[PDB]
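Keeping their order, the protein sequence lines are chains A and B. Positions 2 to 102, 106 to 304 (full-length UniProt numbering) are the ones given, in order, by the first sequence. Positions 2 to 102, 106 to 304 (full-length UniProt numbering) are the ones given, in order, by the second sequence. We treat Cβ as the ideally placed atom computed from N, Cα and C, and that holds for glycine. Inspection log for the structure reproduced underneath, given as structure tokens.
Protein chains: 2
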Amino acid sequence: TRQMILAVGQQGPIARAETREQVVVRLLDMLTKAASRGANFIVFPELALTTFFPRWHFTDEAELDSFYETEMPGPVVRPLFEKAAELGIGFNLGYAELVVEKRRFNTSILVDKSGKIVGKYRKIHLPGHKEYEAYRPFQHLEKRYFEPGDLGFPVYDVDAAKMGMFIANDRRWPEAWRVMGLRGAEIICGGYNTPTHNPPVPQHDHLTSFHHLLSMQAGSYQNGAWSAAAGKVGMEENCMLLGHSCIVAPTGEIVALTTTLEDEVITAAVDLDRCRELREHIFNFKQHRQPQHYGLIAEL
Amino acid sequence: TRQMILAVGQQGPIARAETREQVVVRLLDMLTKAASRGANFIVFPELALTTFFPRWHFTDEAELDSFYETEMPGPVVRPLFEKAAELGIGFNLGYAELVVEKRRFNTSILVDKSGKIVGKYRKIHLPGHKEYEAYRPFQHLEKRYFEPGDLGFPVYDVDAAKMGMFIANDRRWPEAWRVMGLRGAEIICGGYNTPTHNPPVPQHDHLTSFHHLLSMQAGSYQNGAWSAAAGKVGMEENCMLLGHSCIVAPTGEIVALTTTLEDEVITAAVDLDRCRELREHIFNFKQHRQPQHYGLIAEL
Ligand SMILES: NC(=O)N[C@@H](C(=O)O)c1ccc(O)cc1
Ligand SMILES: NC(=O)N[C@@H](C(=O)O)c1ccc(O)cc1
């Protein structure tokens, strides 16, 4: 009822020449191993169907569009939904969304154990830069290839659980966590592509892991929420991406952690009633919060 | 100019029978050792002039009032201001404020190196409970003995530095940090009386340190602010108070930490320009924040 097993399916590199068909096989295998370890839900990474294309400057718009989905699911990704419904396991999938009216989003969905899309979220905090910067060995052009999401920070019923979505950079922003905490989220999940080199601030490179885990622990604790972060990790097209995919308790304790830079599955026992230990005491919102003093946070 | 040395003056226990006169001696000694180690400012704890009286139920209102200050400074505390002006060192002092119009506040002030009170703050987030609870070996009746502060989260010029104040429980609330981060605080400082036993949630007792330090590191990182937390610590009137008084860099790295449960002074080199490493890149607020999605945080 209130007890489930949450899984994270960390992805090793996806090369530029690796088809969605070859990625779906890798996702199917991880989704199968999570079932066999008793998982009811598995979190997959940000932009989980392709290489991280925002590392390149594009001149050809057909080449750029080829990394986006025009439908969800499409025939190549459909087998992942079919297998999820067969095994009775929900998932969180990140992908690049192209909607033609041409709007571009960094998107994620929640799929329940029936294989039904129960909710969508579009990345609101876009990191990196807008224009090509030649000094960078690799680019991070999310501000060019995506518009900021227009759906807000919703929380959806997924089987037994109140679940909210972040995408990568969102996890560093207390406002993203707090909104979803105020909407009663019991699990906050998403994925990331996080380089271990930041060209403008290389003096925080050795803190990549620290800053990632610090963000997940603080968000979980301050909102008494279970959380899970699914990385795409390792040497991808000669850029190193941070590992340390994780599941976190509402106390902010890390209860599971990846140790490889490859396809790796981790699981943890989730008790949704454990949110109360914070939300009815230390972080009893109605009882403690003084929102008349917080107005500057919501000012445009 | 943009470089200073920040000190923290951690306090061991203050017994019920220990006069303000005997505490000022202890504060003078710590303030002298900080000067000798090149400190330009020292952070002192919450309610630094008395035992932590909110651990007891009071029936007599004269007995309760005796723990509050009706003026700041008074003659007994005046020597601490005089010594601060002589040595050229500012301080942050917490005390119980009684103002008659009768209003009761958990208060802290910033004093610059001239010995002039440059800013006041009143604790906005009150923890614990309102009525006596007999099962508790000790009470935490801040909701009875204080009203929520009415000054907001201001940020003040103190010599070369933009400084904001929290008081104890405030440090667990992202909203307190964020408001002061948005007002351009370079240092966020205050003190705490944090029991290592929480009677309603004893299953988080072993996490007292973790939760304290997690709050300071995450606040600092997410706002690119220097921070400092001054504890009153050790066995005070048979209640154990958490140590681990700390200074933290804008990266959320702990740059100094106490290891005793006694009067202890720690210092760190503060470079106020280091805020830019976060505030001009990863946490470039104007460039990244989407406050149209954050409205629920400011709803009453
Ligand atoms: N994919 C993302 O949203 N990645 C960002 C993040 O994880 O917050 C990130 C972090 C460090 C960088 O050098 C670039 C981008
Ligand atoms: N002075 C304070 O505000 N103390 C509170 C805090 O530090 O958050 C606190 C923390 C844990 C408890 O079990 C009781 C009270």
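- Runs of the alpha helix (DSSP H) lying entirely within the region 160-239 of chain B, each at least 4 residues long, are 178-186, 212-227 in chain order.
- Burial is judged here by how many other beta carbons sit within 10 angstroms of a residue's own beta carbon; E47/A has at least 16 and is buried.
- Straight-line spacing of the CA atoms in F68/B and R283/B works out to 41 Å.
- Chain-ordered, the chain B residues with CB closer than 7 Å to the CB of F157/A read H297.
- No Cβ of chain A is located within less than 8 Å of the beta carbon of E22/B.
- Per DSSP, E303/B is not a residue of any beta strand (DSSP E), being assigned neither H nor E.
- Taking the Cβ of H144/A as the reference point, at least one heavy atom of ligand 1 falls within a distance shorter than 7 Å.
- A172/A has its Cβ nearer than 7 Å to a heavy atom of ligand 1.
- Within the same chain, Cβ atoms closer than 6 Å to the Cβ of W181/A are found at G223, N227, the five residues on either side in sequence being excluded.
- DSSP places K124/A within a strand segment (E or B) once states are collapsed to three.
- For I258/A against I270/A, the beta-carbon gap comes to about 10 Å, at or over 8 Å, which does not count as contact.
- Among the residues of chain A, those whose CB is under 9 Å from the CB of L300/B are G156, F157, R182, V183, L186, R187, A302, following chain order.
- Fewer than three Cβ pairs drawn from the region 10-18 of chain B and the region 155-173 of chain B lie within less than 8 Å of each other, which leaves the two stretches out of contact.
- Non-local beta-carbon contacts of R140/A in its own chain, meaning distances under 7 Å to residues more than five positions away in sequence, involve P203 in chain order.
- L29/B and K120/B have their C-alpha atoms some 17 Å from each other.
- Ranked by Cα distance from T51/B, the options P76/B, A86/B, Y96/B are led by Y96/B.
- For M73/A, no alpha helix (DSSP H) encloses it, and the DSSP letter there is neither H nor E.
- Listed along chain B are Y225, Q226, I286, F287, each with a C-beta nearer than 9 Å to that of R176/A.
- Counting only Cβ-Cβ distances below 8 Å, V205/B has contacts in chain A at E281, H285, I286, in chain order.
- At a beta-carbon threshold of 7 Å, the residues of chain B lying near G256/A are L218, ordered along the chain.
- Against chain A, the beta carbon of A164/B has no neighbour under 8 Å; the closest one sits roughly 23 Å away.
- In terms of Cβ geometry, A172/A and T198/A form a close pair [threshold 8 Å].
- In the structure shown, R107/B falls within a strand segment according to DSSP collapsed to helix, strand and coil.
- Nearest Cα to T263/B within the set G235/B, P55/B, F142/B: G235/B.
- For the pair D116/A and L261/A, the Cα-to-Cα distance works out to about 24 Å.
- Interface with chain A (8 Å Cβ-Cβ cutoff): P152/B is included.
- When C-alpha distances from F142/A are compared across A35/A, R278/A, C243/A, the shortest belongs to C243/A.
- Listed along the chain, the chain B residues whose CB falls inside 8 Å of the CB of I128/A are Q294, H297.
- If you keep only unbroken alpha helix (DSSP H) runs of at least 4 residues inside the region 8-63 of chain A, you get 21-37.
- Within chain A, no C-beta atom comes less than 7 Å from the C-beta of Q143/B; the nearest is roughly 15 Å away.
- Contact between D267/B and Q12/B is confirmed by a C-beta separation of about 6 Å, below the 8 Å threshold.
- Any Cβ of chain A closer than 8 Å to the Cβ of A222/B would place that residue at the interface, and such an atom is present.
- At the C-beta level, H133/A and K124/A stay beyond 8 Å of one another.
- One Cα belongs to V237/A, the other to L246/A, and the distance between them is close to 5 Å.
- Looking only at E98/B, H129/B, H248/B, the smallest Cα-Cα distance to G10/B is reached by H248/B.
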